[PDB]
Amino acid sequence: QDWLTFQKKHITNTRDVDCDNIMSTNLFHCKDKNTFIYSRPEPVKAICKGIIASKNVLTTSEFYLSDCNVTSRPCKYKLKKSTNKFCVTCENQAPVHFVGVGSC
């Protein structure tokens with residue numbers, strides 16, 4: 001919804017996200033999946049530089065992604081690490097929503 005929230009939901013300090021821990025918190029409330037971007041925030045913010053009105057943009061560069069995917073056991077996950085481009089909703093120069101991996 002805003003940069004601060006996007007940060008809280010999608011930027012990670014570690015590639016090895018503890019899915020079973022984080023996913024069970026109120027922010028995620030055992031949802032099926034969540035994509036975390038392993039990067040300093042600036043390279044992420046830069047994706048949206050100069051974009052004012054809401055617009056989906058696919059990153060030009062590739063980023064380290066860590067996805068928490070639910071298994072057959074509710075609220076129990078598998079961490080999958082990958083490298084890919086991603087689509088974000090940019091608004092007033094910052095990412096406000098995560099769209100998807102690989103394409104808009």
# chains A, B, ... in the order shown; residues from 1 in each chain; ligands from 1

call {"tool": "closest_atom_pairs", "arguments": {"of": "region 10-86 of chain A", "to": "region 90-93 of chain A", "cutoff": "9 Å", "atoms": "only C-alpha atoms", "output": "tab-separated table"}}
result
residue	atom	partner	partner_atom	distance
A:45	CA	A:93	CA	7.4
A:46	CA	A:93	CA	7.9
A:47	CA	A:90	CA	8.0
A:48	CA	A:93	CA	4.8
A:49	CA	A:93	CA	4.7
A:50	CA	A:93	CA	5.6
A:51	CA	A:93	CA	5.1
A:52	CA	A:92	CA	4.2
A:53	CA	A:91	CA	5.5
A:54	CA	A:91	CA	4.5
A:55	CA	A:90	CA	5.3
A:56	CA	A:90	CA	6.0
A:57	CA	A:90	CA	6.9

call {"tool": "residues_around", "arguments": {"residues": "residue 40 (chain A)", "least_positions_apart": "4", "cutoff": "10 Å", "atoms": "only C-alpha atoms", "output": "VMD selection string"}}
result
chain A and resid 11 to 13 44 to 45

call {"tool": "residues_around", "arguments": {"residues": "region 22-37 of chain A", "least_positions_apart": "5", "cutoff": "7 Å", "atoms": "only C-alpha atoms", "output": "number ranges by chain"}}
result
A: 10-12, 63-70, 75

call {"tool": "write_last_selection", "arguments": {"atoms": "N, CA and C atoms", "output": "PDB file, in the first residue's frame"}}
result
ATOM      1  N   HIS A  10       7.976  -7.384   1.890  1.00  0.00           N
ATOM      2  CA  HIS A  10       8.793  -7.996   0.834  1.00  0.00           C
ATOM      3  C   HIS A  10      10.267  -7.818   0.862  1.00  0.00           C
ATOM      4  N   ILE A  11      10.874  -7.156   1.793  1.00  0.00           N
ATOM      5  CA  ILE A  11      12.357  -7.037   1.775  1.00  0.00           C
ATOM      6  C   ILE A  11      12.864  -7.824   2.990  1.00  0.00           C
ATOM      7  N   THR A  12      13.889  -8.616   2.719  1.00  0.00           N
ATOM      8  CA  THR A  12      14.547  -9.455   3.731  1.00  0.00           C
ATOM      9  C   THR A  12      16.066  -9.152   3.716  1.00  0.00           C
ATOM     10  N   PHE A  63      17.077 -10.016  -9.289  1.00  0.00           N
ATOM     11  CA  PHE A  63      17.232  -9.914  -7.856  1.00  0.00           C
ATOM     12  C   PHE A  63      17.186 -11.324  -7.200  1.00  0.00           C
ATOM     13  N   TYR A  64      17.707 -11.381  -6.024  1.00  0.00           N
ATOM     14  CA  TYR A  64      17.687 -12.669  -5.260  1.00  0.00           C
ATOM     15  C   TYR A  64      16.258 -12.708  -4.628  1.00  0.00           C
ATOM     16  N   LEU A  65      15.546 -13.766  -4.920  1.00  0.00           N
ATOM     17  CA  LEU A  65      14.180 -13.952  -4.374  1.00  0.00           C
ATOM     18  C   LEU A  65      14.187 -15.212  -3.469  1.00  0.00           C
ATOM     19  N   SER A  66      13.398 -15.094  -2.428  1.00  0.00           N
ATOM     20  CA  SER A  66      13.229 -16.198  -1.428  1.00  0.00           C
ATOM     21  C   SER A  66      11.679 -16.289  -1.265  1.00  0.00           C
ATOM     22  N   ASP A  67      11.147 -17.387  -1.765  1.00  0.00           N
ATOM     23  CA  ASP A  67       9.676 -17.569  -1.677  1.00  0.00           C
ATOM     24  C   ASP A  67       9.340 -18.581  -0.564  1.00  0.00           C
ATOM     25  N   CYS A  68       8.269 -18.260   0.128  1.00  0.00           N
ATOM     26  CA  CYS A  68       7.795 -19.196   1.214  1.00  0.00           C
ATOM     27  C   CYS A  68       6.529 -19.783   0.574  1.00  0.00           C
ATOM     28  N   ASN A  69       6.596 -21.064   0.272  1.00  0.00           N
ATOM     29  CA  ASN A  69       5.449 -21.742  -0.384  1.00  0.00           C
ATOM     30  C   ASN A  69       4.850 -22.771   0.593  1.00  0.00           C
ATOM     31  N   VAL A  70       3.528 -22.724   0.720  1.00  0.00           N
ATOM     32  CA  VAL A  70       2.902 -23.700   1.664  1.00  0.00           C
ATOM     33  C   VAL A  70       3.039 -25.108   1.087  1.00  0.00           C
ATOM     34  N   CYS A  75       0.065 -23.845   7.083  1.00  0.00           N
ATOM     35  CA  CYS A  75       0.996 -22.977   7.767  1.00  0.00           C
ATOM     36  C   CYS A  75       2.394 -23.521   7.980  1.00  0.00           C
TER      37      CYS A  75
END

call {"tool": "atom_distance", "arguments": {"atom1": "CA of residue 38 (chain A)", "atom2": "CA of residue 73 (chain A)"}}
result
25.8 Å

call {"tool": "closest_residue", "arguments": {"among": "A:62, A:74, A:6, A:83", "to": "residue 99 (chain A)", "atoms": "only C-alpha atoms"}}
result
A:6

call {"tool": "select_by_dssp", "arguments": {"residues": "chain A", "states": "strand (DSSP E)", "output": "ChimeraX atom specification"}}
result
/A:11-12,33-38,55-58,63-70,77-84,86-91,94-101

call {"tool": "select_by_dssp", "arguments": {"residues": "region 2-59 of chain A", "states": "helix (DSSP H, G or I)", "output": "list in words"}}
result
residues 3, 4, 5, 6, 7, 8, 9, 10, 19, 20, 21, 22, 41, 42, 43, 44, 45, 46, 47 and 48 of chain A

call {"tool": "write_last_selection", "arguments": {"atoms": "N, CA and C atoms", "output": "PDB file, in the first residue's frame"}}
result
ATOM      1  N   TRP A   3       5.434   2.399   0.579  1.00  0.00           N
ATOM      2  CA  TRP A   3       6.823   1.955   0.635  1.00  0.00           C
ATOM      3  C   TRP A   3       7.161   1.267   1.958  1.00  0.00           C
ATOM      4  N   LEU A   4       6.760   1.913   3.060  1.00  0.00           N
ATOM      5  CA  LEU A   4       7.053   1.293   4.353  1.00  0.00           C
ATOM      6  C   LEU A   4       6.399  -0.087   4.466  1.00  0.00           C
ATOM      7  N   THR A   5       5.197  -0.259   3.997  1.00  0.00           N
ATOM      8  CA  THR A   5       4.496  -1.542   4.087  1.00  0.00           C
ATOM      9  C   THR A   5       5.099  -2.562   3.131  1.00  0.00           C
ATOM     10  N   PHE A   6       5.498  -2.074   1.964  1.00  0.00           N
ATOM     11  CA  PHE A   6       6.100  -2.948   0.948  1.00  0.00           C
ATOM     12  C   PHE A   6       7.405  -3.525   1.527  1.00  0.00           C
ATOM     13  N   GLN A   7       8.126  -2.665   2.218  1.00  0.00           N
ATOM     14  CA  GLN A   7       9.378  -3.042   2.862  1.00  0.00           C
ATOM     15  C   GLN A   7       9.146  -4.167   3.889  1.00  0.00           C
ATOM     16  N   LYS A   8       8.139  -3.911   4.707  1.00  0.00           N
ATOM     17  CA  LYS A   8       7.786  -4.883   5.764  1.00  0.00           C
ATOM     18  C   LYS A   8       7.359  -6.215   5.200  1.00  0.00           C
ATOM     19  N   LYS A   9       6.664  -6.231   4.080  1.00  0.00           N
ATOM     20  CA  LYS A   9       6.170  -7.448   3.490  1.00  0.00           C
ATOM     21  C   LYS A   9       7.050  -8.152   2.507  1.00  0.00           C
ATOM     22  N   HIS A  10       7.976  -7.384   1.890  1.00  0.00           N
ATOM     23  CA  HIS A  10       8.793  -7.996   0.834  1.00  0.00           C
ATOM     24  C   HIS A  10      10.267  -7.818   0.862  1.00  0.00           C
ATOM     25  N   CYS A  19      10.538 -19.186   7.074  1.00  0.00           N
ATOM     26  CA  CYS A  19       9.133 -19.221   6.667  1.00  0.00           C
ATOM     27  C   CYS A  19       8.157 -19.639   7.765  1.00  0.00           C
ATOM     28  N   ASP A  20       8.456 -20.764   8.396  1.00  0.00           N
ATOM     29  CA  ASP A  20       7.572 -21.283   9.463  1.00  0.00           C
ATOM     30  C   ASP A  20       7.401 -20.348  10.628  1.00  0.00           C
ATOM     31  N   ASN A  21       8.311 -19.425  10.807  1.00  0.00           N
ATOM     32  CA  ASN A  21       8.266 -18.442  11.863  1.00  0.00           C
ATOM     33  C   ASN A  21       7.506 -17.179  11.440  1.00  0.00           C
ATOM     34  N   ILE A  22       8.000 -16.517  10.407  1.00  0.00           N
ATOM     35  CA  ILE A  22       7.461 -15.281   9.872  1.00  0.00           C
ATOM     36  C   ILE A  22       6.056 -15.380   9.281  1.00  0.00           C
ATOM     37  N   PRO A  41      17.430  -1.898   0.326  1.00  0.00           N
ATOM     38  CA  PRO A  41      16.212  -1.216  -0.126  1.00  0.00           C
ATOM     39  C   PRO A  41      16.350  -0.259  -1.273  1.00  0.00           C
ATOM     40  N   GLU A  42      17.461   0.419  -1.426  1.00  0.00           N
ATOM     41  CA  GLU A  42      17.741   1.391  -2.482  1.00  0.00           C
ATOM     42  C   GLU A  42      17.633   0.849  -3.858  1.00  0.00           C
ATOM     43  N   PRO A  43      18.253  -0.268  -4.194  1.00  0.00           N
ATOM     44  CA  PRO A  43      18.172  -0.898  -5.515  1.00  0.00           C
ATOM     45  C   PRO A  43      16.719  -1.234  -5.881  1.00  0.00           C
ATOM     46  N   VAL A  44      15.944  -1.462  -4.826  1.00  0.00           N
ATOM     47  CA  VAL A  44      14.513  -1.785  -4.965  1.00  0.00           C
ATOM     48  C   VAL A  44      13.720  -0.511  -5.255  1.00  0.00           C
ATOM     49  N   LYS A  45      13.956   0.505  -4.435  1.00  0.00           N
ATOM     50  CA  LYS A  45      13.278   1.791  -4.584  1.00  0.00           C
ATOM     51  C   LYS A  45      13.529   2.414  -5.956  1.00  0.00           C
ATOM     52  N   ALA A  46      14.779   2.271  -6.420  1.00  0.00           N
ATOM     53  CA  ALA A  46      15.205   2.821  -7.708  1.00  0.00           C
ATOM     54  C   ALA A  46      14.414   2.375  -8.903  1.00  0.00           C
ATOM     55  N   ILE A  47      13.765   1.199  -8.814  1.00  0.00           N
ATOM     56  CA  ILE A  47      12.979   0.645  -9.871  1.00  0.00           C
ATOM     57  C   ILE A  47      11.881   1.660 -10.315  1.00  0.00           C
ATOM     58  N   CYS A  48      11.364   2.381  -9.343  1.00  0.00           N
ATOM     59  CA  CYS A  48      10.278   3.323  -9.522  1.00  0.00           C
ATOM     60  C   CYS A  48      10.614   4.799  -9.681  1.00  0.00           C
TER      61      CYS A  48
END

call {"tool": "atom_distance", "arguments": {"atom1": "CA of residue 77 (chain A)", "atom2": "CA of residue 61 (chain A)"}}
result
27.5 Å

call {"tool": "closest_residue", "arguments": {"among": "A:104, A:94, A:79, A:58", "to": "residue 17 (chain A)", "atoms": "only C-alpha atoms"}}
result
A:79

call {"tool": "atom_distance", "arguments": {"atom1": "CA of residue 60 (chain A)", "atom2": "CA of residue 78 (chain A)"}}
result
27.5 Å
